[PDB]
Amino acid sequence: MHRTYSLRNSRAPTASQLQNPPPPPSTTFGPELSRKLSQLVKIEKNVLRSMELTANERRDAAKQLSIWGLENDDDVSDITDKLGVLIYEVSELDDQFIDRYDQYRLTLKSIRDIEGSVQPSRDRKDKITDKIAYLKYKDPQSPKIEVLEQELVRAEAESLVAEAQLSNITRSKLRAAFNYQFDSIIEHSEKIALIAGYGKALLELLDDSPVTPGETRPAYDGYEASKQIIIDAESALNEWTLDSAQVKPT
Amino acid sequence: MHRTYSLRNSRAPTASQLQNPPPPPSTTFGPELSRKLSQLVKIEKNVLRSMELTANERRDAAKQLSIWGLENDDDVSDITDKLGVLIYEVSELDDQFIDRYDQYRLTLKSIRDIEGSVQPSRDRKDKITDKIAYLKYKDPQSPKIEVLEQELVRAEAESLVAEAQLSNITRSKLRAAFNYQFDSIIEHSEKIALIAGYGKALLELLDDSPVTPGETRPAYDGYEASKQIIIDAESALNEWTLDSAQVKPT
Amino acid sequence: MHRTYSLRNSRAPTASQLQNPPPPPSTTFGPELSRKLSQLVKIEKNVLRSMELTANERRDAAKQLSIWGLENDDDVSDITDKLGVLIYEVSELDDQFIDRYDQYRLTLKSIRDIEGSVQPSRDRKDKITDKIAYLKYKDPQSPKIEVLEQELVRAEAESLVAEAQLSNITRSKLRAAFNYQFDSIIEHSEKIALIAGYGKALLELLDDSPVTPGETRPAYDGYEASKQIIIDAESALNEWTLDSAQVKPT
């Protein structure tokens with residue numbers, strides 16, 4: 001982030017910022033082992049709910065735009081409806097992305113559960129060690145020291161296997177979960193970019209030449225290109241695959 | 001110090017003073033054995049707190065400089081921020097030096113404790129000697145004199161071993177503590193000197209040619225050398241080792 | 001600083017940290033134009049006072065160390081005194097560094113004063129512009145508009161010369177002040193490093209071989225090397241020059 005080599009929150013200028021000045025800002029108990037990882041889940045759930053609300057509101061706006069667009073000139077009354085139809089797809093994409101996000105959250109919850117179950121063995125080994133130390137302090141001639149040592153050896157073996165078992169699966173699950181999340185993000189971004197790029201061509205057939213008072217506009221006949229654009233967008237959405245990613249990292 | 005061969009507090013001129021005249025001055029109970037060594041610890045702690053306050057204030061000044069530097073010409077608004085970022089490292093170095101100073105203070109406290117524990121044996125031997133002397137004065141025919149002499153011999157043996165044991169470890173701990181402190185001082189000074197030397201090159205790319213009223217300055221493009229200087233400084237700081245000391249005593 | 005590529009305050013390991021684990025943490029109105037630059041001066045003054053207190057406390061500790069060192073073995077009673085004498089030079093160096101810091105602070109105060117004096121012209125030009133705008137709004141037929149425009153042109157010329165005059169000197173003073181401060185820092189660090197390096201050799205002639213109870217140590221005769229080390233340190237301090245800097249940036 002821009003504060004990498006700066007002490008202030010101001011963003012460093014870039015090529016896009018140099019080309020166009022930036023717009024002004026907008027006017028608007030539990031186990032000890034599993035405690036930091038058990039907090040991330042709540043934040044992810046909150047993100048999911050907020051994103052669902054955003055998608056619902058965007059769908060409502062897309063629905064409402066065509067209602068206003070109904071009572072206007074013939075070309076506007078069609079372009080507005082088609083643009084609303086095109087915008088309606090963003091919520092559909094957002095729903096699938098939310099589902100994949102929930103899958104990733106469950107994958108993380110699995111690791112949380114396994115480490116929370118692992119903790120008690122390392123608790124009990126320390127308890128046994130404290131007990132034998134206290135017994136040795138109080139009176140070295142007690143007979144409980146031998147059995148304490150034997151069960152300490154047993155618990156030490158169990159704890160030795162437990163830590164290796166936990167560390168064998170933590171990274172294995174983490175890598176898969178993050179790869180899945182990154183693939184989902186890439187797919188969502190590429191689909192949104194494709195939708196926007198295809199929708200940008202809808203405005204090319206909307207005339208914008210100024211007219212003087214007392215003149216009549218020519219009849220608008222663009223009911224075919226508008227249908228073709230939507231059909232092509234649907235075909236492109238149904239055709240896209242992960243192996244056909246246009247964005248290539250350098 | 002300059003008063004070595006003088007009776008006044010005035011400093012003798014040197015080569016640096018000959019080259020440049022000196023600026024004017026700025027306009028702004030307990031055991032008896034462990035009593036002198038138990039006072040040095042408090043002074044060291046006071047030094048530590050004062051140095052921590054100095055580092056905090058310097059960090060605050062470095063933070064505040066860029067805020068003023070924000071509203072100026074393009075080159076100044078960048079050089080000021082980079083210089084503040086570079087100055088921010090001095091507090092980070094000071095924190096580590098403070099930690100090493102505390103380690104040295106603890107090492108000295110160990111010697112204080114051991115000598116304070118040693119003292120009572122040499123107290124009790126003198127007490128026994130005074131008692132036997134008084135008993136011999138009062139009446140030489142008392143039977144307590146023999147047992148007093150026997151326990152005096154025992155205490156004499158114990159005190160003989162105690163003094164040797166104390167003197168065996170006092171120098172051993174003192175030498176190690178002072179070597180550690182000197183190494184810490186050398187490392188801190190070398191790192192500060194390296195930071196200052198690398199930061200002195202930041203001002204070479206800041207233009208200083210005078211301009212007349214009614215003229216416009218050329219566009220400033222120095223966003224690459226400024227980043228390179230910071231990257232090189234970070235690399236040099238992460239690369240420095242004790243064995244690579246540039247300063248060599250004669 | 002280590003948070004450059006991290007989101008946490010933990011310091012990234014380095015070569016020195018890899019070689020030796022880090023010790024644990026220690027157990028212990030005004031013109032609008034000149035307002036951000038008029039705050040840095042107070043922070044610099046606070047830094048100066050805190051550094052003066054640190055130097056005073058360090059001098060006190062160096063004075064107190066020899067008092068404890070007086071009552072010990074012959075070699076320790078001399079090494080401690082010589083080490084205190086050597087440590088006494090750090091406060092002397094700190095005083096000169098404080099003086100140079102005050103010089104730099106005065107240099108910055110000059111810029112603060114000049115910009116504070118510059119501000120009123122740009123205030124009065126805006127006031128005149130607001131007045132003529134209001135007069136034009138209220139009644140365009142007023143005769144004051146012409147004289148307002150004439151004096152607006154005059155004030156515009158004055159303000160045009162003023163901004164160029166201020167910007168011609170701001171960078172010129174800033175660069176010189178920061179170069180002076182960096183040179184002072186480099187000199188102070190190099191002198192401290194030289195003092196520490198020369199003082200590290202004082203402990204080589206202090207014997208540390210352990211002794212058993214009932215034995216006597218050999219007579220210590222090191223009153224010549226101790227004097228020679230101090231004489232060499234004084235000569236090196238009086239000989240050092242800025243052009244003879246041992247530290248060379250890469």
# chains A, B, ... in the order shown; residues from 1 in each chain; ligands from 1
>>> residues_around(residues="region 177-179 of chain A", least_positions_apart="2", cutoff="10 Å", atoms="only C-alpha atoms", output="tab-separated table (two decimals) with C-alpha atoms, in the first residue's frame")
chain	number	residue	atom	x	y	z
A	101	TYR	CA	-16.56	-17.68	0.07
A	103	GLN	CA	-16.97	-22.90	1.28
A	104	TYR	CA	-13.59	-21.32	2.06
A	105	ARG	CA	-14.86	-20.24	5.50
A	106	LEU	CA	-15.90	-23.82	6.29
A	107	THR	CA	-12.48	-25.05	5.20
A	108	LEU	CA	-10.86	-22.67	7.70
A	171	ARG	CA	-0.49	-26.24	5.91
A	172	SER	CA	-2.15	-28.82	3.66
A	173	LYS	CA	-5.60	-27.41	4.36
A	174	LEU	CA	-4.49	-23.76	4.33
A	175	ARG	CA	-2.87	-23.95	0.90
A	181	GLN	CA	-10.39	-18.56	-2.82
A	182	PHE	CA	-7.92	-17.01	-5.28
A	183	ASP	CA	-9.40	-18.98	-8.19
A	184	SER	CA	-12.90	-17.83	-7.21
A	185	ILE	CA	-11.74	-14.20	-7.03
>>> interface_residues(of="chain C", to="chain B", cutoff="7 Å", atoms="only C-alpha atoms", output="PDB file with C-alpha atoms, in the first residue's frame")
ATOM      1  CA  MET C   1      11.515   0.210   9.310  1.00  0.00           C
ATOM      2  CA  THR C  14      18.428  -9.913  10.407  1.00  0.00           C
ATOM      3  CA  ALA C  15      22.002 -11.204  10.199  1.00  0.00           C
ATOM      4  CA  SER C  16      22.828  -9.858  13.664  1.00  0.00           C
ATOM      5  CA  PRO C  23      17.426  -9.684  24.244  1.00  0.00           C
ATOM      6  CA  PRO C  25      12.407  -6.023  26.157  1.00  0.00           C
ATOM      7  CA  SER C  26      13.595  -3.799  28.979  1.00  0.00           C
ATOM      8  CA  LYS C  36       3.194  23.337  11.108  1.00  0.00           C
ATOM      9  CA  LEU C  37       6.804  24.549  10.933  1.00  0.00           C
ATOM     10  CA  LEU C  40       8.777  21.322  15.009  1.00  0.00           C
ATOM     11  CA  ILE C  43       9.883  19.238  19.642  1.00  0.00           C
ATOM     12  CA  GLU C  44      13.524  19.900  18.753  1.00  0.00           C
ATOM     13  CA  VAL C  47      14.844  16.655  22.337  1.00  0.00           C
ATOM     14  CA  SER C  50      16.191  15.392  27.178  1.00  0.00           C
ATOM     15  CA  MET C  51      19.586  14.730  25.586  1.00  0.00           C
ATOM     16  CA  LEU C  53      19.665  15.321  30.924  1.00  0.00           C
ATOM     17  CA  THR C  54      20.901  12.009  29.502  1.00  0.00           C
ATOM     18  CA  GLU C  57      23.174  11.365  34.142  1.00  0.00           C
ATOM     19  CA  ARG C  58      25.813   9.425  32.194  1.00  0.00           C
ATOM     20  CA  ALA C  61      27.344   7.385  36.553  1.00  0.00           C
ATOM     21  CA  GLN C  64      30.246   7.223  40.649  1.00  0.00           C
ATOM     22  CA  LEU C  65      31.748   4.039  39.171  1.00  0.00           C
ATOM     23  CA  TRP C  68      32.985   1.831  44.090  1.00  0.00           C
ATOM     24  CA  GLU C  89      34.337  11.867  27.275  1.00  0.00           C
ATOM     25  CA  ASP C  99      25.319  22.975  20.340  1.00  0.00           C
ATOM     26  CA  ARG C 100      25.270  21.964  16.671  1.00  0.00           C
ATOM     27  CA  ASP C 102      20.724  24.228  18.425  1.00  0.00           C
ATOM     28  CA  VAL C 161       7.020  38.609  -6.502  1.00  0.00           C
ATOM     29  CA  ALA C 164       8.905  33.503  -5.890  1.00  0.00           C
ATOM     30  CA  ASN C 168      13.852  30.881  -3.820  1.00  0.00           C
ATOM     31  CA  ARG C 171      15.011  25.072  -0.345  1.00  0.00           C
ATOM     32  CA  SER C 172      18.343  26.906  -0.157  1.00  0.00           C
ATOM     33  CA  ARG C 175      19.421  21.880   2.186  1.00  0.00           C
ATOM     34  CA  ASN C 179      23.643  18.916   5.411  1.00  0.00           C
ATOM     35  CA  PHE C 182      24.030  15.157   8.924  1.00  0.00           C
ATOM     36  CA  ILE C 185      25.674  13.330  13.337  1.00  0.00           C
ATOM     37  CA  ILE C 186      28.409  11.569  11.353  1.00  0.00           C
ATOM     38  CA  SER C 189      28.957   8.780  15.774  1.00  0.00           C
ATOM     39  CA  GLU C 190      32.504   8.300  14.483  1.00  0.00           C
ATOM     40  CA  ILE C 192      31.902   7.696  19.904  1.00  0.00           C
ATOM     41  CA  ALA C 193      32.825   4.568  17.937  1.00  0.00           C
ATOM     42  CA  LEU C 194      36.525   5.456  18.128  1.00  0.00           C
ATOM     43  CA  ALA C 196      34.552   2.659  22.391  1.00  0.00           C
ATOM     44  CA  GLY C 197      37.037   0.818  20.182  1.00  0.00           C
ATOM     45  CA  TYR C 198      40.013   2.268  22.035  1.00  0.00           C
ATOM     46  CA  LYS C 200      37.764  -2.111  24.482  1.00  0.00           C
ATOM     47  CA  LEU C 203      40.193  -4.982  29.415  1.00  0.00           C
ATOM     48  CA  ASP C 208      40.717 -13.215  34.686  1.00  0.00           C
ATOM     49  CA  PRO C 210      40.391 -18.268  38.442  1.00  0.00           C
ATOM     50  CA  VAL C 211      42.162 -18.860  41.749  1.00  0.00           C
ATOM     51  CA  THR C 212      41.575 -21.441  44.496  1.00  0.00           C
ATOM     52  CA  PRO C 213      41.199 -20.566  48.197  1.00  0.00           C
ATOM     53  CA  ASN C 238      42.643  15.473  18.780  1.00  0.00           C
ATOM     54  CA  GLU C 239      43.724  14.136  15.366  1.00  0.00           C
ATOM     55  CA  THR C 241      39.084  15.244  10.960  1.00  0.00           C
ATOM     56  CA  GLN C 246      36.514   5.658   8.152  1.00  0.00           C
ATOM     57  CA  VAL C 247      32.890   4.738   7.383  1.00  0.00           C
ATOM     58  CA  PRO C 249      28.738   4.285   2.284  1.00  0.00           C
TER      59      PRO C 249
END
>>> select_by_dssp(residues="region 87-222 of chain C", states="helix (DSSP H, G or I)", output="JSON, numbers by chain")
{"C": [87, 88, 89, 90, 91, 92, 93, 94, 95, 96, 97, 98, 99, 100, 101, 102, 103, 104, 105, 106, 107, 108, 109, 110, 111, 112, 113, 114, 115, 116, 117, 118, 119, 120, 121, 122, 123, 124, 125, 126, 127, 128, 129, 130, 131, 132, 133, 134, 135, 136, 137, 138, 144, 145, 146, 147, 148, 149, 150, 151, 152, 153, 154, 155, 156, 157, 158, 159, 160, 161, 162, 163, 164, 165, 166, 167, 168, 169, 170, 171, 172, 173, 174, 175, 176, 177, 178, 179, 180, 181, 182, 183, 184, 185, 186, 187, 188, 189, 190, 191, 192, 193, 194, 195, 196, 197, 198, 199, 200, 201, 202, 203]}
